[PDB]
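Residue numbers for the sequence shown follow the numbering used here, so the first one is 9 and each next one is one higher. Just so it is clear, CB atoms sit at the ideal spot from N, CA and C, and this is done for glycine as well. In what follows, a structure is listed as structure tokens, so that the remarks can point back to it.
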Amino acid sequence: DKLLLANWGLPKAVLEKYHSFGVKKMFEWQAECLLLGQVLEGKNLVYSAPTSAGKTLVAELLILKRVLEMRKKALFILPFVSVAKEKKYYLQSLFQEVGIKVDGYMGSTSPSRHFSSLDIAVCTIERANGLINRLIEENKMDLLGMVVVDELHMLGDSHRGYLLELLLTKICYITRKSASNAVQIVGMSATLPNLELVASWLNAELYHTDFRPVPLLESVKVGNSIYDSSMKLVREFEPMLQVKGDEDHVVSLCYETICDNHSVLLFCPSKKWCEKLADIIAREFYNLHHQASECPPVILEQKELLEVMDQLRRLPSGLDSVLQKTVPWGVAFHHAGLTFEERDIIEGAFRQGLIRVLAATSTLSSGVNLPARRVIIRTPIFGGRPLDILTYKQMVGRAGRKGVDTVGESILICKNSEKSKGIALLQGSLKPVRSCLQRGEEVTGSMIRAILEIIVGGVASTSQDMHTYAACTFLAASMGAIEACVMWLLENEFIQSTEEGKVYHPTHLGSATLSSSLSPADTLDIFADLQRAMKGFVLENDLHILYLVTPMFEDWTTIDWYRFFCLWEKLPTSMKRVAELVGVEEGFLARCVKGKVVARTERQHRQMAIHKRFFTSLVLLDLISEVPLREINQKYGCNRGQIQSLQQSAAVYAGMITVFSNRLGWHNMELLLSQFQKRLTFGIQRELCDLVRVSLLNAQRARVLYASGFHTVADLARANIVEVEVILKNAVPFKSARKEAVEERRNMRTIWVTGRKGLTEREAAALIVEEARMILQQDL
Ligand SMILES: Nc1ncnc2c1ncn2[C@@H]1O[C@H](COP(=O)(O)OP(=O)(O)O)[C@@H](O)[C@H]1O
Ligand SMILES: [K+]
Ligand SMILES: [Mg+2]
């Protein structure tokens, strides 16, 4: 009665966009989450709910509550680029009927529109923290109205999860310096034990629920028997048609689900098991339906299965060999070895029902929202080690489709030996959230950085302000070291002290580090290395420049050293000079092949990182030399997933080093670097830099249009559409040495986009020419 959406004083225009697919009434917990306290007035809120319970609607009503009531700008923060991109389009579609402009600041991407001409900016953690820093230097902190944090449990421990605290703490420190509404915080996560601590730290009202529209049946199978969390038998399983192999009834379980016209997610430890399992299942699906690499069977969807394989074909990766076998039978795999474009296709196919069986890794469990009737976990041993509890809850959470299934079933297959360990996961619970700013060592990276941001930014100047900040931390909410970090910044010339007793100021090295979004620990080695490059620099190739923008803070692949030594001998003299100039000794490469001795316990054995870095720069060199992804894979021995993940990392890092050089006055160095951020992003040469401004144009399409007479956007705006269409048809990779009168493919949507409607080769060509024209006019 009262939770009817029409009784909340909702604008009429918006109320219908929600009703497009469901959403006429809310939930018991969503109405209570809004009404209790002074939350709807602007008070901060930290709420928890089970996965697939409707956490999105609660935040959205609060965001619209501020954008339209306070006429201020909102900030939506998401962990990954893939989940951030998924959220942007979902929010764009909802917030357009009232003239509300919504874009995003994600990974290497940047908005065409000014921050002043937005309403809601969608960011990742790294990019959001930088944007906040943008607002401090310009004192435009007054623009920001609220921040929404998704996955609040990443506050605890992550490669970047600590940035979430510095971000929030900075907001808590600033809002304290003005101490009617100020800055509202809406955080949400899974059930945390110390969740009450987070609500108190942020002075937020709390809400927690266990509600879930579809009941989840977590279970564990040992042999034929299936038990619940209390080891009580709930089903004695017997396989309808036996097949050979390992067979812990894995194929029979998948078959049972499909026959009831449903879909199943099958999680496997390694990337190789997923492909092997997708192959076995798809192979058995061929024999069993008929009782004894094709076209999809004739149903209502014959057209869409064909559209999917063709979209895969017209990609920079091509159509995977294993997928060509499996996809025709609604079977596929999904891991980090695949490119981000392949994974966007499969996730969409599975979400539409085109793919009924999806054998995935742990990458998907933390990825986008993707539900299924039955979830199967192959083993409690992932990567040779027992499975993490959070990963388990993320896998089994995808069981049960709201509005479709009566229940969601989860099966964890085990042996008698790993029997005890499996039950531990079903009964297990999440660990308490750590501060990631902790003291053995008096100093720590996260703390040094937090202090640098507030001093250089100019919101903490004196010594009293520092301890005022210490009160606002999540670390102090749980109930010196700060003074140690300040001295560290003094010793390394990051900060200044003047004689009005004891006031701290930023140096040029300080102001440069902040604007570059670089870590103070990393800045020291970078600053010395750059000065080293400017004393003796090679300009005949782009290798030495690439080395300066080649990131080595994390391993992106397992390098085969014997292959490396083989490429070393074949390496031209111009690139050997660059190798020597960097630190690459041939003796060390030999000592890598002969014995797999990593050593690296000693700190001066950063010698290892150097050879790893030079190996990586070679890969980046071919990448911006427009070498096919398939050649690079065979040449170096790394998958297309690792390469693409690397270039998006190097594109970002290249921008940092460029800014770092600009703030230090190093013009000559800046001048050389300022061309590789764009080239690393798309993986192109200098000529294609202009073409790739068009959204639909990537490296391959840009090359074939360049080789056909269209060099610029200007050349592309006067262009004849049907000619562009023909040129596009020529860039496609076919298995036979390719490149029936079918008047039925005049409508086949075989071209993929972002936030996509299926595009035909004709519409894509017409969109490219239309977009080229729109850009050319804005240039005058
Ligand atoms: N109050 C609601 N009433 C009906 N359906 C909802 C409601 N909130 C969300 N949904 C739908 O349920 C699905 C899952 O909810 P979601 O908000 O994704 O939960 P979570 O964010 O915890 O995964 C979404 O696709 C959404 O369209
Ligand atoms: K593009
Ligand atoms: Mg969520």
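Buried/exposed call for residue i, threshold 16 Cβ in 10 Å
i: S60; result: buried
i: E548; result: exposed
i: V110; result: buried
i: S116; result: buried
i: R753; result: exposed
i: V75; result: buried
i: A587; result: buried
i: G430; result: buried
i: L99; result: buried
i: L681; result: buried
i: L72; result: buried
i: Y55; result: buried
Heavy atom of ligand 1 within 7 angstroms of residue i beta-carbon
i: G62; result: yes
i: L65; result: yes
i: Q100; result: no
i: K410; result: yes
i: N377; result: yes
i: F35; result: yes
i: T59; result: yes
i: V222; result: no
i: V606; result: no
i: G30; result: yes
Residue span of the alpha helix (DSSP H) that contains residue i, given as start and end
i: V259; result: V258 to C267
i: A479; result: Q472 to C480
i: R142; result: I133 to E145
i: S373; result: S370 to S373
i: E593; result: Per DSSP, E593 belongs to no alpha helix (DSSP H) and is neither H nor E.
i: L83; result: Note, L83: premise wrong, no alpha helix (DSSP H); beta strand (DSSP E) at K81 to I85.
i: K429; result: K427 to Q435
i: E733; result: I729 to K737
CB-CB length for residue i against residue j, believed under 8 angstroms
i: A739; j: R709; result: 6 angstroms
i: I108; j: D127; result: 5 angstroms
i: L554; j: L628; result: 5 angstroms
i: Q319; j: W760; result: 5 angstroms
i: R457; j: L174; result: 7 angstroms
i: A707; j: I692; result: 5 angstroms
i: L44; j: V66; result: With a Cβ gap of about 12 angstroms, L44 and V66 do not count as contacting.
i: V191; j: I85; result: Not really, about 14 angstroms apart at Cβ, beyond 8 angstroms.
i: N211; j: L171; result: In fact, because the Cβ distance is near 21 angstroms, the residues do not count as touching under 8 angstroms.
i: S418; j: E226; result: 5 angstroms
i: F341; j: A367; result: 5 angstroms
heavy atom of ligand 3 below 7 angstroms from residue i C-beta
i: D218; result: no
i: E159; result: yes
Where the beta strand (DSSP E) through residue i begins and ends
i: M154; result: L152 to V157
i: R382; result: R382 to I385
i: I503; result: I503 to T506
i: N52; result: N52 to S56
i: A212; result: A212 to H216
i: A340; result: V339 to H342
Distance cut-off 7 angstroms: residue i Cβ against heavy atoms of ligand 2
i: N137; result: no
i: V441; result: no
i: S118; result: no
i: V383; result: no
i: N676; result: no
i: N670; result: no
i: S703; result: yes
i: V230; result: no
i: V700; result: yes
i: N52; result: no
i: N549; result: no
i: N500; result: no
i: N211; result: no
Residue i at chain B interface by Cβ criterion, 8 angstroms
i: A21; result: No chain B appears in this structure, which consists of one protein chain only.
Determine, using beta-carbon pairs with one atom in the region 388-397 and one in the region 349-359, whether at least three such pairs fall under 8 angstroms.
no
Do three or more CB pairs link the region 432-451 to the region 265-281 at distances below 8 angstroms?
no
Specify whether the region 612-621 and the region 555-568 touch according to this definition: at least 3 beta carbon pairs, one from each stretch, less than 8 angstroms apart.
yes
At a cut of 8 angstroms, does the region 221-236 reach the region 195-207 through at least three beta carbon pairs?
In short, these stretches do not touch, since the Cβ pair count stays below three.
Just checking, does the region 402-413 make contact with the region 373-383 on the three C-beta pairs under 8 angstroms criterion?
Yes: the two stretches touch, three or more of their Cβ pairs being nearer than 8 angstroms.
Three or more C-beta pairs under 8 angstroms: does that hold for the region 495-506 against the region 460-470?
yes
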